[PDB]
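All Cβ positions, even for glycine, are placed from backbone atoms using ideal geometry, and neighbour counts span all protein chains on display. Nothing in this text is a laboratory measurement; each read-out follows from the coordinates by a stated rule.
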Amino acid sequence: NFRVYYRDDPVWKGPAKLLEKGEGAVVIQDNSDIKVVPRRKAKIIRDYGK
Amino acid sequence: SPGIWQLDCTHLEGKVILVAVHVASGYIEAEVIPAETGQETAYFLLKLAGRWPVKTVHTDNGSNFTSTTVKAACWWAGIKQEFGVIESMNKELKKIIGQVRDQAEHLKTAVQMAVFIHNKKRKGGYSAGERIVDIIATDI
Amino acid sequence: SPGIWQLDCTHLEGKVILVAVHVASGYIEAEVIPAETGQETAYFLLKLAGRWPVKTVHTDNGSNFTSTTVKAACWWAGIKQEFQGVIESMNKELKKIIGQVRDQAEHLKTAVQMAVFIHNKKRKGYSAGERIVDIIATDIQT
Amino acid sequence: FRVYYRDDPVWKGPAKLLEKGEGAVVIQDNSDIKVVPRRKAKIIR
Ligand SMILES: Cc1ccc(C2CC2)c(-c2ccc3c(c2)CCCO3)c1[C@H](OC1CC1)C(=O)O
Ligand SMILES: Cc1ccc(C2CC2)c(-c2ccc3c(c2)CCCO3)c1[C@H](OC1CC1)C(=O)O
Ligand SMILES: [Cl-]
Ligand SMILES: [Mg+2]
Ligand SMILES: [Mg+2]
């Protein structure tokens, strides 16, 4: 439903699983690694086309 | 299938031409992009997906097609990615461009003239532009 | 008529958005052009004419629409030019969808195409993208 | 079969194509016989 794309490296990483959305950061899981990414450096894109 | 497309890049005069073909009809769309990047490729797909029911896109392993930006566009638009119709179409497009090249200053103008000529030509009888509209309307 | 279109330019973030609407269906196509000139307008029409059976285009008296470059493009593609409500109402509708999704993308051109996608895929059920394909295919098959 | 040209950066035309040379084109615009260089002419079929 939701997929998160992020930057750590200007190359955009992802897609990652959305674990939690905070007011200043998002918690994601890329592969087996849990990452905390600020809101400004993340893109939570929904499968709108469906 | 009415929703399968093939995309690939061809080159003329040092410029990058991104071509999309509707496999079931031969209908084509092309655009000269300033760089062969995932950002330009994803923007091309977003425009295409808003015009036609794009369900599956078949490309080679080009770095612009496997880029993260394209994956995000296909995910948002609900497009599935899979990795000789498009190759035969690039040569067909290149041939019409060479026949009309001297009629325009810019290559991008000749490209769209060639896309116009290809999509409007009947077999001998429907054109590729008529077939894709026919195939999609029947699917509705 | 299945071949009547309306074209007009709107502005957001200092950028020029050229919009084309299929009157009989409400289907839209938009593009952010680097300049509001006849050359950019003619190139847009050449892409549109290779896409749909464009027979008549209705515009205002903007200098880009009355330019010689656009007249040359309309002649080559066999397009008749005529010089309101539909495109004016569609510029506001497009701007409304862009404002709802603007923060989802860095570039304005990404938001315009997301809004074009949203507008053409929204049903009522019949969506605008389904209507133009249905209207044009009915003219072909009959 | 149609010639657009520049005499003024505004493109003039359409004019009738009479002859296409390697460095110039002979055209008729309105009732005038004009001769225009190749670089300042658009010969569209
Ligand atoms: C730059 C330029 C300047 C003047 C004109 C015309 C005669 C005034 C054109 C032009 C327009 C339409 C057209 C053709 C040429 C040739 C065949 C298809 O229809 C162009 C054209 O680019 C513009 C984006 C289309 C180009 O690439 O030459
Ligand atoms: C510049 C940039 C960088 C990274 C990405 C993505 C994160 C991988 C995207 C992007 C691509 C597709 C997409 C979205 C964003 C959001 C919703 C619709 O689908 C863009 C995008 O521009 C690209 C020409 C579309 C923009 O304007 O933000
Ligand atoms: Cl937080
Ligand atoms: Mg390739
Ligand atoms: Mg206007």
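Every residue, every condition in (1) within 30 Å of C:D134 (Cα to Cα); (2) within 16 Å of ligand 1 (Cβ to nearest atom); (3) surrounded by 22 or more Cβ atoms within 10 Å (Cβ to Cβ); (4) not β-branched (V, I, T), yes or no:
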| position | (1), (2), (3), (4) |
| --- | --- |
| B:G26 | yes, no, no, yes |
| B:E31 | yes, yes, no, yes |
| B:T37 | no, no, no, no |
| B:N61 | no, no, no, yes |
| B:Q81 | yes, no, no, yes |
Exercise for the section: Kindly list, by first and then second residue, each pair from a residue in the stretch B:62-82 that is on the phi > 0 side of the Ramachandran plot to a residue that is more than 7 Å from ligand 2 (Cβ to nearest atom), limited to pairs with Cβ atoms under 7 Å and residues at least 6 apart or on different chains. Expected result: B:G78/A:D47; B:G78/A:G49; B:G78/A:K50
Problem - Breaking point among (1) at positive phi; (2) surrounded by 12 or more Cβ atoms within 10 Å (Cβ to Cβ); (3) not aliphatic (A, V, I, L, M), for A:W12 - result: (1)
Exercise for the section: Could you list all residues from the stretch C:57-80 that are closer than 20 Å to C:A24 by Cα and among the charged types (D, E, K, R)? Expected result: C:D60, C:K80
Handout entry: Single match in C:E40, C:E31 (criterion: within 16 Å of ligand 2 (Cβ to nearest atom) and closer than 29 Å to B:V100 by Cβ)
Key = C:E31
Fill in the blank from the handout: For the stretch B:120-140 the number of residues that are within 7 Å of chain C (Cβ to nearest Cβ) and either under 30 Å from B:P34 (Cβ atoms) or buried (at least 16 other Cβ atoms within 10 Å of the Cβ) (or both) is 5
